[PDB]
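Below: the structure, in structure tokens.
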Amino acid sequence: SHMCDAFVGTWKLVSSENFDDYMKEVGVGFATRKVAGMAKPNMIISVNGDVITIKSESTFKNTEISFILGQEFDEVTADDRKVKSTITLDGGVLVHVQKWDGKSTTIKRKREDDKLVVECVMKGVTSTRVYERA
Ligand SMILES: Oc1c(Cl)cc(SC(F)(F)F)cc1SC(F)(F)F
Ligand SMILES: [Cl-]
């Protein structure tokens, strides 16, 4: 209980850096990168018992995942990858690992001041996406 209280709420994207390069490293094709890179998603996080739900809503896609920490699940990503995901809490940071086709990417979500900071890493390439409360 209360594990993720500081994450819960509705958040809006305010800045993004290096997302196109992250998407390239992931393998996202040109047209999807252009459209996805323009998106300004909201992220809606809620908790009910042990189940965490994260929704991303934008003009590009609406996606939703529900999960229990440490318990793998299958996810179709906004760019249409079919991945195996596991999300854990590490020292207050939500750590989301996606595995597919022998590849891996990790997305970390953390609270910093009044922001929710999302760091997406694929090999040597990081993108930082900053959200504020809606
Ligand atoms: O915020 C995103 C995150 Cl975390 C992931 C992905 S999937 C990718 F990176 F392959 F593009 C796309 C977006 S932009 C969207 F939310 F509008 F879909
Ligand atoms: Cl960017």
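Numbering (the entry's author numbering), first residue to last: -2 to 131. C-beta atoms are modelled at their ideal positions from N, C-alpha and C, and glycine is treated no differently.
### Task
Decide if the stretch 38 to 50 is in contact with the stretch 58 to 70; the criterion is three or more beta carbon pairs, one per stretch, under 8 Å apart.
Yes, the stretch 38 to 50 is in contact with the stretch 58 to 70.
### Beta-carbon spacing of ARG108, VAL114 below 9 Å
Locating residue 108 in the sequence shown gives position 111, counting from the first residue. Locating residue 114 in the sequence shown gives position 117, counting from the first residue. Contact: yes.
### Query
What whole-angstrom Cβ distance do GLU22 and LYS120 have, given they're in contact under 8 Å?
Against the sequence shown, residue 22 aligns to sequence position 25. Against the sequence shown, residue 120 aligns to sequence position 123. With a Cβ gap of about 6 Å, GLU22 and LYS120 count as contacting.
### Task
Can you tell me which of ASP110, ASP111, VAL127 puts its alpha carbon nearest to the alpha carbon of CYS117?
Residue numbering aside, residue 117 sits at position 120 when the sequence shown is read from its first letter. Closest option to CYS117, judged by alpha-carbon separation, among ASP110, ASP111, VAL127: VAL127.
#### Entry: Counted within 10 angstroms of its Cβ, other Cβ atoms place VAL73 as buried (16 or more) or exposed
Residue numbering aside, residue 73 sits at position 76 when the sequence shown is read from its first letter. Classification for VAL73: exposed.
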